[PDB]
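**Q** Chains as they are written, first to last, in the deposited numbering: chain E, 1 to 52, 52A, 53 to 82, 82A to 82C, 83 to 100, 100A to 100E, 101 to 117, 122 to 218; chain H, 1 to 52, 52A, 53 to 82, 82A to 82C, 83 to 100, 100A to 100E, 101 to 117, 122 to 218; chain C, 1489 to 1759; chain B, 1489 to 1759; chain D, 1489 to 1759; chain A, 1489 to 1759; chain F, 1 to 27, 27A, 28 to 214; chain L, 1 to 27, 27A, 28 to 214.
Just so it is clear, CB atoms sit at the ideal spot from N, CA and C, and this is done for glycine as well.
1. How do the region 178 to 190 of chain F and the region 150 to 168 of chain F stand: do at least 3 beta-carbon pairs fall below 8 angstroms, yes or no?
2. What separation, rounded to the nearest whole angstrom, lies between the Cα atoms of residue 4 of chain E and residue 1 of chain H?
3. Residues of chain A with a CB under 9 angstroms from the CB of residue 1496 of chain D: which are they?
4. Under the three-state reduction of DSSP, which class applies to residue 129 of chain E: helix, strand or coil?
5. Suppose you measure from the CA of residue 1562 of chain C to the CA of residue 1569 of chain C; what does that come to, to the nearest Å?
6. Could you compute how far the alpha carbon of residue 75 of chain H sits from the alpha carbon of residue 69 of chain H?
7. Locate the alpha helix (DSSP H) running through residue 1670 of chain A, then write down its first and last residues.
8. Does the distance from the CB of residue 41 of chain E to the CB of residue 87 of chain E come in under 8 angstroms?
9. Which value, in whole angstroms, describes the spacing of the CA atoms of residue 9 of chain E and residue 53 of chain F?
10. Compute the Euclidean distance between the alpha carbons of residue 1699 of chain D and residue 1572 of chain B, then round it to the nearest angstrom.
11. In terms of alpha-carbon separation, which member of H:77, H:165, H:50, H:199 lies closest to residue 100 of chain H?
12. Beta strand (DSSP E) containing residue 86 of chain L: first to last residue?
13. For residue 60 of chain E and residue 95 of chain F, which I take to be in contact (beta-carbon distance under 8 angstroms), what is that distance rounded to the nearest angstrom?
14. Please tell me whether residue 113 of chain L and residue 144 of chain L are closer than 8 angstroms, where the distance is taken between their beta carbons.
15. Given 8 angstroms as the limit, is there contact between the region 1699 to 1710 of chain B and the region 1697 to 1717 of chain A, that is, 3 or more CB pairs closer than that?
16. Using a Cβ cut-off of 8 angstroms (strictly closer), state whether residue 86 of chain F contacts chain E.
17. State the Cα-Cα distance for the pair residue 1691 of chain C and residue 1663 of chain D, rounded to the nearest angstrom.
18. Quick test of your reading: residue 1640 of chain A and residue 1711 of chain A, contact by CB under 8 angstroms. State the CB separation rounded to the nearest angstrom.
19. Are the region 131 to 141 of chain H and the region 181 to 194 of chain H touching, with three or more C-beta to C-beta distances below 8 angstroms?
20. Whole angstroms are fine: how far does the CA of residue 1542 of chain B sit from the CA of residue 1550 of chain B?
21. Once DSSP output is grouped into helix, strand and coil, what is the label at residue 1715 of chain B?
22. If you run the structure through DSSP and keep just helix, strand and coil, what is residue 213 of chain H?
23. Along the region 1652 to 1675 of chain B, what residues have a CB closer than 7 angstroms to any CB found in chain A?
24. Using 8 angstroms as the threshold, is the C-beta distance between residue 52 of chain E and residue 33 of chain E below it?
25. Tell me, which residues are paired with residue 161 of chain F by DSSP?
26. Can you tell me which of the three DSSP states residue 177 of chain E falls into?
27. By the criterion of Cβ-Cβ separation under 8 angstroms, what are the contact partners of residue 1645 of chain D in chain A?
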């Protein structure tokens, strides 16, 4: 298979610098021109760099000329994007992409890597709060009950949430995060039959590798 | 990376037939001759087939001439070994191996796949019994205690055993299986401080995919 | 009636008009074979059938006329002999190929009966006088090459034997049999990928493989050079031989004018 | 005044100085077309523009002068006819290019108006007498090659038909259409990757594919050899024709030098 | 009896029949060496053995006969000298090969004793008169090439020194040693993958590497061209020398044919 | 003493012995430069130093002797001029290279001062009379090629302009600049990977790219053929000029013998 | 530098419908240089049409592309649920790639009322010095929904927070959560809380609510 | 068809020791055609020496190879714990690969007595109609150990079953389990059971045992 994997990313401060790397497999890397494409949070795609197959020619849009530098190592089968003087504008998923035709520095991008998120922001890496959403003391009808987990106060976007180590991979919704005052709030809902509730089987598995943080809080019965 | 993965294998009856397949990645497959090498249970290595890079020439030892047939598909980047009239002699791990030099049908085998076990036997696929080894009622000193899990009566060799989903990846020994009357017996030991015993934390995670069987028996306190 | 027709009809066949007329018929028939195509209307196929029938009978009267004049000599000119065969094959390939393939069914015939098409292309060599000239010139070069072609073939055979035994055991796709080795040495002679594709991989296993193929390249290049040099000086000899005689003839013309007059100087003494 | 100007101005246009003078103008105009470049100052662009204007009028008066002298004969010398066309295009390509594209807009024209540059390069052939000599020599070779080039083209057509029907079903990138086959056979004729790139992949499916391409390589190489030999022996004939006549002339000199004496001696004997 | 046998037996050995007879024996012996094959019956091996014995004695009496007639001159004709050596090796390679390898056990011999086969193939050159002619012609070309081959070898040595010191540090597989560099430059001279395989990879590290190899290609191509031209004009000189003399001879014929008459006419005038 | 030394010492320098003696000195010095090697004993390095010093002074007296006899004419023979330069460079490269590099330090000098080695190799051309002959022959061929080399260079320039604008936009590694395009077209002219490596990838993007490169191949092949044909017929003209004159001289010899005798036939009438 | 514009930006389409989306180009371009990509939720874009009309390997032949000059289009003859994605046109010229804004296909299911739930904070958040009342609206359709927060009679929208899911590809319903964050005391001195969840299926809001004296 | 033989078959070696193992060839072979592989527990063989002496990429330069003709050797100048593996020589000739029998390097540690444990069956096995008394011997060294089963005085070795581990690469101790399987009644009418575990460290056996009246 053709495969591309980006690496680097994470959080930077404005004016800072970061280097992305792309590793290529399953094709003659030195036969192909390579490109980097942004996808901004409003999902607009934006090309940011292109390099010829021998590395001798490089192309950029005026939005990033002199700030970014694309480069490649045909022996390591890898592609790099040195980013410098980074700005909040540059917050995006960055994809590594191979050109459709060999040697052709134009045309189309036939294979794209999975991407690495780059966040450029002045805020500070915080760990997530995790609050159980114990259901209202009321109807609690047991045939179904809505249960929730609230994950709050972190800042680097990619938290991950899971219910009971993935055994509850159904009835769940994981709602996209949103930015309060410089901090994200995330929440999730699970709806289950009382055949598993009230019990500690309802574990909110949540992780925030940007602060090395993991907890497994329980949505205990309210009283 | 260069990578080779074998597939097929499993249990056959004497006189039966089986096809192994090898998938290749990370090199120009059509530039290299390929070989299959047995490793018998007493760990003796034995070459069984070679094919030229274009597939037009094939070589075998007299032990398997006319029984085995090596073949390749340079488009699928895959290698095959059709085995027929299989015998108990042919019980072995089968490795797929690339030749060191290009086009050279001789020389050395520079990359080897992980292998697939082939068992040729007349016995019948049985599921494993699993018996707790509750420790003797006696000294039971708690500072440490030896705990065991006994897995019995299966026949296809590759069972897998695990203690508490791998959390106890220490103090463990998993003893190689042995063949009673046509059936394997396996056992395992874990030694732990009483800070986790007596409790159901001591789970024997055991699986036998050849009979689709899994259980998680507990080494409960004896009484 | 009688030979008066034969005298008149030779004045047709041997005419510059008739030669040129047949040439255009071949060109037009060659053109119609360019628009024949599977993705087309039945109506186009039916029209092309009749047009192709018109040509096949029209060339038939050409062969009949040419035989009628040249008779026993027709079946001896290789050019006229070829044209005859092509007309016969083109008859079979349109009015009997189905009747053959429907009984003597073979997968080759659906690919071999195409030969009736290729034959009608080659008529453009046979009909055009300037093309007969160049082809007969090229063929006449071959007899002079036979001795050096035999030598090259014998050198190839020797090197193919050696290359099979030296390298065929571990590189059978290139040298495993005498036929494999013959093909690979021909590739090496054309210098096609000879080093990066053949000899450098070999030297990973046989470090002195260069001691085989570099002398091989010198030999077959040297023999090819001398083959071409032979053709050049052969064609030059055909020229020089003409210049030589013209100079000798003028020496013998000069011999005539001078000697046959200087003879008279002894009898003209009577004056 | 009067024809005394025409007689005198011919002695300018036909002068060795004027010939050399125009050559240097072409060299300098060619040099200026080397420093034209997108990354440059506006001031450099304005300067180079005027210099390019200076040349275009300066070559225009050359054409006017040459027409004024050669008149009816100017529009028949192919060399002068080319220079005339180049000046016309070089006027259009600088003072009417936008006026054209603003109405007859086409994406080809953005790339075709370059032709005014290429034409002004080719004037370095037309102006230099030694270059006219070599180019007319080269062109004179072409008529002799037409029969062997027509033969080669016809062989390519026959083999392209066969190679399409044989291999095109399964190697369409190389033989799927008559044009694909034509291109691949030309590649094979140049011996470029013919075996490792084409014929060995074919023999993974068609083991006897070598029976097609190796005879093909022999045929086209043989025709190419004979094409070159024909050029050599033609040029030699042009030589030998001179040596032949010079030898005959001196034989016919010796004819008269002696035969005039055999005349006199018969009447001198009467003394 | 006596020299009447020697005179008569020469009339056998020097006969056109005996020459042709030996040729067919070589052809048949060559054919038998084509069906020798590991996968065969013991009975076929025993038969072919005796047939191979029949030939080896039958060629032995040929050598004895040819020595008996030519004697001191036999061991000086290089063609006869080769045939003699081949019979010697072909005796050793069948009746003493095991007796050798059982004491002087060397792994080369298992592959070198094949030489008895190759030698018997090369006799097809030595026996056929047309083949001796072409081979002696080819060999006679070599002395004239030695000065230009020595020059080419010296240029290769200089460029191999430079290419090692320039590129060998970082491309050892191509230039790391003087022998590596020699091989790569020979590949470049044959134009085999010279750019895509060698020089473009070099220019990924050494952008001006083209300044080395493109002048190299020009030099060695120019020397190769002049080497071939030298062979052509040498062969033409061998021709012209004949035409020259024949023209002079007929001039000197005309010298006598006329000057003998100017002699007689002065005494005939006394009549 | 006096010019009696100069007369005697010319009999040294012009001697066949002295020429051959110097040749072997160059060969021995060339051999010593083959055993120079980084991985060697200090003792080997010290011994080679003294031996290399022995040669450098020994060639110095050769230059002094050759200047002493030829004087003002020495500094005009290009061969003697080259030998002088090489001795001077070889002095600097052994007794001053360190003193230069230790002050005018440059990374090029550690790679350029090697030139003192390459120069002493080329002396093997200059000293050997048979090598001077072949090199001067090759050089004298160049002036006749200049007009066709200029034409080829001009065609390359035109095609490089077109190829840059047509394909360099999207294939900059091959045509992105005039220099890129020049190199790639040279590769195409040598037919090296021209189709599989260049033109087939292009036609994935520019389907009509074949309309550019196939006409290009025809042109540069045709010009290369005519370049070589020119060299052949040029060298043939140098021959045929000699054959012509020998025939004319014999015609004038025959003119002399006959006419100077046929004169007497009018005065010998007195007998 | 050429700009590509796509229309519509969102397209509510139903299985079996013929779908056509347009890419308009600010200049004439070669039809060989216009490309289409399909991007699905949380994956990278995949090539879909090469040139104006050549489908990429594996594209269902229900897809097609057509256009020339300044106007281009992609068409599905009959939509399938797997076609729900964002489609980007792309061109290359000079030396720059440019992309269209994208068109998001929205599968059309039938009306579905939200399962509305509400939750008072866990005391862990109260001990954190504040409160955030949470409201859930699971498996509704269409996406357009208003959530509305009243707190002992009065609305207190000042701290409302909202996050929608995409179409969950289980049944192409949407989900939503709403949260009103409050201070420690703005919770503890008030009793009744409601999110007046009103939806296109339910002009009567579900007004799922709780009181704070019990738990 | 050439046979390769290796000596020793097992080699108890200690870190820092110079280790040398031999491959002997039944015929003279080219030294360029003899190869060495290293195979570690439950992995595939990896190339180690190319030809007689060229180390493979990444082989620690403490390894070396030497030999010619019919005799070849591999040497470690100073053993490391990661070198504990099975080493196979290999040649190629005619058209067949052949391999040596292998040499297993055994890392040498110091004497270590077995932690001996014993277990009566769980009643689940009794309800299965039989019994299997189990004995464990964890983290002993050397590998050589005798286990010995007495059952109310008498030995009853008839059903003994044994499985050793390899060297566990935690500390290069061995482990072992022993099991005596018995019928339903051969368990329930006997009371005292022992594995008389005797070891090179412990000529007094550990005789870990249980009685069957209590549990």
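**A** Answer, in terms of the structure:
1. Three or more beta-carbon pairs drawn from the region 178 to 190 of chain F and the region 150 to 168 of chain F are found closer than 8 angstroms, and the two stretches are therefore classed as touching.
2. C-alpha separation (whole angstroms): 13 angstroms.
3. Those do not exist, as residue 1496 of chain D stays about 49 angstroms from chain A at its closest Cβ, beyond 9 angstroms.
4. Coil at residue 129 of chain E, not helix or strand.
5. A straight line joining the alpha-carbon of residue 1562 of chain C with that of residue 1569 of chain C spans about 7 angstroms.
6. Spanning the alpha carbons of residue 75 of chain H and residue 69 of chain H requires a straight line of approximately 15 angstroms.
7. Note, residue 1670 of chain A: alpha helix (DSSP H), 1666 to 1677.
8. Contact flag set, yes.
9. Residue 9 of chain E and residue 53 of chain F have their C-alpha atoms roughly 35 angstroms apart.
10. Computed Cα separation, rounded: 40 angstroms.
11. The shortest C-alpha separation from residue 100 of chain H is found at H:50.
12. First-last of the beta strand (DSSP E) with residue 86 of chain L: 85 to 92.
13. The beta-carbon distance between residue 60 of chain E and residue 95 of chain F, rounded to whole angstroms, is 6 angstroms. This is short enough to meet the 8 angstroms contact definition.
14. Contact: yes.
15. Segments in contact, no.
16. The beta-carbon of residue 86 of chain F is placed no less than 8 angstroms from the nearest beta-carbon of chain E.
17. Residue 1691 of chain C and residue 1663 of chain D: Cα-Cα distance of roughly 15 angstroms.
18. The beta-carbon separation of residue 1640 of chain A and residue 1711 of chain A, rounded to 5 angstroms, stays under the 8 angstroms limit for a contact.
19. Segments in contact, yes.
20. Roughly 13 angstroms between the two C-alpha positions.
21. Helix at residue 1715 of chain B.
22. Residue state, collapsed to three classes: strand.
23. For chain A, the residues of the region 1652 to 1675 of chain B that bring a beta carbon within less than 7 angstroms of one of its beta carbons are 1671, 1674, 1675, in chain order.
24. Taking 8 angstroms as the Cβ cut-off, residue 52 of chain E and residue 33 of chain E qualify as a contacting pair.
25. Note: residue 161 of chain F sits in a beta bridge opposite F:177.
26. Reduced to three states, the DSSP call for residue 177 of chain E is coil.
27. Scanning chain A for C-beta atoms nearer than 8 angstroms to the C-beta of residue 1645 of chain D yields 1609, reported in chain order.
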